[PDB]
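Here's a solo chain for you in structure tokens, the form deposited in one PDB entry.
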């Protein structure tokens, strides 16, 4: 076997042997095909602290990037989490307007092993982006927003922290909703706008708003993008009073209806979540929000709430490194770093008269 012959030679060149004079024994090599992260298990008498001292050398000899080395069941077992030197993705990928797609409704979120990650909002209409504060979870949503604003979409932005996440420059290109009263008015409007669009599709025999628009020269329905900076501000009802709770229940009813029924109507939800919790990322959100973007979470439960697998615990500690899940596959990718100070140019959008 190639791998066993390759490891043996590598260990012998280092005289990397235990008290019994044996080089480490390969017990198992488990590759994750989507993330390209491997679990290599070795048996030897070499202490874990010695393996850790050898990390720089083992990376070079075996041609791998070592994420971690941990002791297994016994002091004879080491488990290495690694990525092959061939599984290359950037560690920094600045946004650039050259990535903007010609096809309306198609957005790019970053780079994977073979090509870029593209999302066609006409096929997978809603996105949930989850990550710890500073991960880049929110940066991705603003990058998607910019792309859609450049394709002529209408935007609505929700931020209950006084709108500090969507400053005055965002207000030039759309409406910023900063409190629960304005959010009830917004979501009741979007649910009615969705109902009016479904009515137009049935009546005209149109599959989507794109087919509808071609039928009427002077009647052009535009894509609507709704960016929710933090889903917990709309879903977490724990400490509010009776009236605010009923208002949030009404809003949740509107969000659920929107997510489930806005597939063909060109109304897209881009949701941010800082702390995954089953009360916030419910079964209704999961059943109707197909795109998941997940940052690193050391906790298994947090990854299962977002992805319904534990792979977010395996990611390397790289800023802007995420998991992408659409359907049954989970892949690792580097997200674009979109910086408002240099990438968000409101006058370019306003010029699209």
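In this text, rigid core is short for the largest set of C-alphas that superpose within 1.5 Å between two forms. Numbering follows the first chain given and starts at 1.
FYI, the form deposited in another entry isn't displayed, but the following is about it.
Taking the rigid core as fixed, one finds a CA shift for residue 82 of 2 Å or more between the shown form and the other one.
In the core-superposed comparison between the shown form and the other one, the C-alpha atom of residue 42 has shifted by at least 2 angstroms. Relative to this form, the distance between the C-alpha atoms of residue 100 and residue 34 is reduced by at least 3 angstroms in that other deposited form. Put simply, residue 298 and residue 73 spread apart in that other deposited form: their C-alpha atoms are 3 Å or more farther than in the form shown.
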